[PDB]
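A short write-up of the structure that comes next.
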Amino acid sequence: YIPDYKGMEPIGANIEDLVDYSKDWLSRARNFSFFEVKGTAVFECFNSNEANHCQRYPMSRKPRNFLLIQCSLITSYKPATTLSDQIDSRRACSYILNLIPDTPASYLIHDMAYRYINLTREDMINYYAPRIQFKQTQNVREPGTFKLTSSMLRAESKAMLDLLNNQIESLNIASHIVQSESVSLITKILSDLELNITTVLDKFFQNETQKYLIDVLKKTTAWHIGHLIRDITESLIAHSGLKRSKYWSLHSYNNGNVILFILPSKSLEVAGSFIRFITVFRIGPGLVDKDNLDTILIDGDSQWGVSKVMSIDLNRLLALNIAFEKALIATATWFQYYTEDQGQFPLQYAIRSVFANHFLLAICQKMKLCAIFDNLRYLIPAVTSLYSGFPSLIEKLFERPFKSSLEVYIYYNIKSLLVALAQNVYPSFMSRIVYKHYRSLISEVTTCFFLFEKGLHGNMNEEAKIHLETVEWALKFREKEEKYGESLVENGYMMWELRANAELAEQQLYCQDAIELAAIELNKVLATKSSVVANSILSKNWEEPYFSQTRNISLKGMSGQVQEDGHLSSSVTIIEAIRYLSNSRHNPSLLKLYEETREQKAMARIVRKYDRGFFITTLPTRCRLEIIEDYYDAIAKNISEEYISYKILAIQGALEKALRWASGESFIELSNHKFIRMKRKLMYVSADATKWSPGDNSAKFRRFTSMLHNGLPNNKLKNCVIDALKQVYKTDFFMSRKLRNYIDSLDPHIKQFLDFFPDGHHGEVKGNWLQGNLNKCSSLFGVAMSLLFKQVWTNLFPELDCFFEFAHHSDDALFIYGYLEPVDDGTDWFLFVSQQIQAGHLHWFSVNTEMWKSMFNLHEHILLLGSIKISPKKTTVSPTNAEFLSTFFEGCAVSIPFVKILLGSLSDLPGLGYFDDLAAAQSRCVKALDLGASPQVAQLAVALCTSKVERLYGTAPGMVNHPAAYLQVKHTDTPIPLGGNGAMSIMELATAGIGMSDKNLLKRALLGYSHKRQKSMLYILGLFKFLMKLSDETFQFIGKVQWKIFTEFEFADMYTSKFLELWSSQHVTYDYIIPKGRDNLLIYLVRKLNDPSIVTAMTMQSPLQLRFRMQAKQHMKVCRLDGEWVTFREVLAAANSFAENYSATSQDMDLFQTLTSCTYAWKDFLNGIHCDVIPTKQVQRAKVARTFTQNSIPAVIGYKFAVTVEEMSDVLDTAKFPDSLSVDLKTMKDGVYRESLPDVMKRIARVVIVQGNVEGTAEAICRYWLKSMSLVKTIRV
């Protein structure tokens, strides 16, 4: 049912009025929005911005520090163990004691070393024993700590502690001396870091990756420095616990050459806590910043550098712990990109220098460098294009002050690189190589950008920036509304109003005539496809229940109810769905929910920490946005073949028309019949016209929806969409408590931001839909207005044969303007222009020279007739350029660079247990391999991730939790949940999946017991049976050891757990499909809250409650066994005992046989495929996305266990064809019988970026992956 919803009345809009206005507009001189690049222009822009920056910020003489941990290495480094730690600590304390301190930091250092050296044997035994053997003593209260009362502490040392317990300036960038000093320092550091210290996939890896990358980087100083920093950060993390952060600690590494002194600090579990330490090292080559060192104590024929008290937060610590892996993966990505670019391996010096630069970037995680690289990502294309917004970007480069010497060196390198690029083979950024294609340079800068953790973003400065941006645009909207009236701003102005004012053409101010004409131009195309438009609109299923869909019960994040304190509650979508279902009496449809929540105001907030991009909104706002998005996505999919890319063929189709039109030549007629030969040229603009802008007006869409012609017979749905757009007009923006407290704890901008809120917890914002999902609506509007500009231009110059073709993919948009230039370069064209301008065609003044400039000016103005503004910065216009088109097509093709997923895998883990996070790490590297990563790079990433996971859980050989110590089976043949080699290969993981090791093992084990009846095969079967027993004990693959999960929600305990288990057992069908009714959907959603895999996702960013909460237990009692919390060693021993006495049974054999039978012959293909190399140079092709692959599978399974009328009706409703369901079962069971009982059925139960040659078959994808195994040499399968 659709209610009457007023609707809108059509107005009389004539294209001739717009054409006349365009004539009047073009009759005068207009300025261009972009500046020509010349090299000199970029250099003067840099100089002027340098002078302005020097004037703006106060000048400082002493640069700040940038090395969080300073250390030096002369010899090779071996990982630190307990006995090595003992010997190192003793030697280091002796070395410190023989010295003479100078400053309070040195006095504290000497005092702590002297206190450590005088500990008794009992304390030393307890200082290094694990928790099991640990005993509290007088001087040692926690495993790796000791106390320090005031008595041993000196007066000065205490001074440091009291100073610890108890304006903005920048460097002189314009000065040549500061730049020279910073460049010299960073060059010294980098040169020290580069100094040397003194299956078939395996074959290809050892031939290429292990030889030219890992063998080269194995001997460098940066490799061992990264390992040393990993050890130091591991020791710091071990000290960040709740019970250990209160006391001091001392550690040593590298034969007594590096020492770490940990001071008392607030535990990192509570947010905003900094672990404080002092690092003391013998001064030598490496991460040494002598100026920023606290002291340099003198020793005979030696120097000992003592750093200042370094405070490192949580995310910085976690980033430093994985800095070496991030640097290695970035270097591997650069290695792959170099091989792609040039076809030859990088030499020694190039690889060493790029690895040193990546390591230095990964060590120093600073906001300034992250912003600098983010800006450079767009600065590079803007400098290679004929015209662009480069000054706006160069001005953005100086937003923040330059504090450390690292920022000055990076800025100097960027300035040199940009000036070299604009003068124009493209120079590199951290080496002496010139790339053949600048896409390699863009990828290099992108890899550098992704080396910075996505936790740096946010802070309290970024949230303030986005808040002030929103408030500034809201205040601008209020000013415009009071200046022109409420009605004119909301409903838009008319053509004659704009003609009279000649100013209303601005942002947050649209023209009704423009909207109507754009809708008419869209309807021109839309009329021929009315039937399919109506079918697609009706196919959105507006009648199905709202909360039974997956998008409405996800973890997206929505605003809750307003509280008594007046602040909006951030919460989860599923929680709000549960709340509504509990308060409601049914499960309403989309339109019914909109009817119920039409009167409620739209409230909005900002996500706490997950943050500028997510304006979380309440349920009614989401419902209205979903109505509008469903309608506009339904009507917009039909013209996706030509204008709205979702796709590549549309962009290819537009370019083909442009090139063909340019190939043909044109003649213009004359009154004297003297045809004039015109040369056709093309100009390409890469504009981000359709991004969401804070300054905008949603109300325009109303009129658009009023005139957009669908095939529906009634106007009920159109009026409903218009009413939803009307209700999403006004919103109640809410202050975040963090920002409120930060501001409460004087600036005029802050003052005016405060007056924007009457009550200090909320203020009204109008016309800004606050980043809500209206992407399809915005893209459709942009396409319609581009078509309107095309029509206006064709009406403006009928005699001229100009060309305009546009494509809109996501936020980016490509405009191609085909213009006419004189061939003879004579005055005949200007003579004709003069004749036309004298004949009354005054608008021909702007066509005299540079027709494409006037074309773009008119296009930008026509877009401005709405709220669309082509961003001055970030738009780049170039002639017909193969590289430009190639990078545009690549950015349209490679949606996400694989290096983002690669670095992300080491940065975050689920922490649900060894198997779970190992699977997640292996899955992320597989997804990156899908995204375009070379198999060798993905194999390297897999190795690094698996090694990190093994280090975390002590599974690697020669560690406490090694399965081979007790399980009497080889580490390779051990099941994955108990520690299992868990390495395999990237090909096996990508093709088969992320669990094949267990089945292959089980399968062979079954065979090993079926034919030879060997004892070890029976042992493996016993281990598998033990895992199945543990899984049976655990409540909702073969079997998983349960690991402790640390917690918490409003409705998470609405029903008892035993009732949930009983309901899940009784209503089996709801496990496979979602229950439509409210009384059962409520219980299903409550069950979804208690799922362990979801709680870890809601709190995955919790400050330590997840990040180090379980990186602390590691070797404690965290596993579940026999209803007890026990150590992993105890679980391994229990598994060994169970498997030793396990006796084979017929039922277990049947279960194992069924599981093996259930688990495409992907492994068999990889064994049977043959690959032989050919001596032929590799060729790089365009990147293209492919897919790797009657009733739905769950519906038939859901139908199988249907026992009541409600369940059977629900499985009808969710199924596409509810009639065929029985037939499916009727055959499916027979198939099972040829391969029934409930339990057997219960246990029975990808976009890939490739080259253009690859087909859409999964075998073709696997063959391509096999071909891409060699970075230089081609392969034949």
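Letters for chains follow the order of the structure tokens (A, B, ...), residue numbers begin at 1 for each chain, and ligand numbers begin at 1 in the order shown.
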>> So that I can see what lies close to segment 832-849 of chain A, please list as a list in words the residues with an atom at most 7 Å from it, counting only C-alpha atoms and leaving out residues fewer than 6 positions away in the same chain.
In response: residues 23, 24, 26, 27 and 29 of chain A
Write a file of the just-selected residues containing C-alpha atoms, as a tab-separated table (two decimals), in the first residue's frame.
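The result, stored in out-v5.tsv:
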chain	number	residue	atom	x	y	z
A	23	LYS	CA	24.31	33.09	-24.77
A	24	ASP	CA	24.34	36.10	-22.44
A	26	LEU	CA	29.18	33.39	-22.96
A	27	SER	CA	29.04	36.86	-24.54
A	29	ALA	CA	34.97	37.15	-20.77
> Can you list, as a list in words, every protein, DNA or RNA residue that comes within 7 Å of residue 1276 of chain A when you count only C-alpha atoms, leaving out same-chain residues fewer than 5 positions away?
Replying inline: residues 1171, 1172, 1173 and 1267 of chain A
>> Need to verify the contact set: residue 429 of chain A, 12 Å, only C-alpha atoms, exclusion of same-chain residues closer than 2 positions in sequence. Can you return it as a PyMOL selection string?
In response: chain A and resi 334+350+353-354+357-358+373+376+380+409-418+420-421+426-427+431-435+438+440-448
> Could you write out, as a PyMOL selection string, all the residues of segment 103-261 of chain A that DSSP marks as strand (DSSP E)?
Replying inline: chain A and resi 249-253+258-261
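Non-sequential neighbours of residue 688 of chain A (distance at most 6 Å, separation of 4 or more positions within a chain, only C-alpha atoms) are residues 811, 812 and 813 of chain A.
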>> Which residues are close to segment 130-139 of chain A, i.e. within 12 Å by only C-alpha atoms, leaving aside same-chain residues fewer than 6 positions away? Reply as a ChimeraX atom specification.
In response: /A:82,115-116,118-124,145-149,247-249,960,1112-1117,1127
Contacts between segment 784-801 of chain A and segment 516-591 of chain A, please, where a residue of segment 516-591 of chain A counts if it comes within 9 Å (with only C-alpha atoms); show its shortest atom pair and distance in Å to one decimal, rows by chain and ascending number, as a tab-separated table.
residue	atom	partner	partner_atom	distance
A:517	CA	A:788	CA	6.7
A:518	CA	A:784	CA	4.9
A:519	CA	A:784	CA	6.3
A:520	CA	A:784	CA	8.4
A:521	CA	A:788	CA	6.0
A:522	CA	A:784	CA	5.3
A:523	CA	A:784	CA	9.0
Dump C-alpha atoms for the selected residues as a PDB file, in the first residue's frame?
ATOM      1  CA  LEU A 517      15.404  20.492 -17.988  1.00  0.00           C
ATOM      2  CA  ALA A 518      17.940  17.962 -16.693  1.00  0.00           C
ATOM      3  CA  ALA A 519      15.094  15.599 -15.818  1.00  0.00           C
ATOM      4  CA  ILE A 520      13.641  16.062 -19.314  1.00  0.00           C
ATOM      5  CA  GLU A 521      17.010  15.299 -20.920  1.00  0.00           C
ATOM      6  CA  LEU A 522      17.294  12.150 -18.805  1.00  0.00           C
ATOM      7  CA  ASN A 523      13.712  11.210 -19.719  1.00  0.00           C
TER       8      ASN A 523
END
> Using only C-alpha atoms, which residue out of A:22, A:267, A:507, A:70 lies closest to residue 309 of chain A?
Replying inline: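 Nearest to residue 309 of chain A: A:70.
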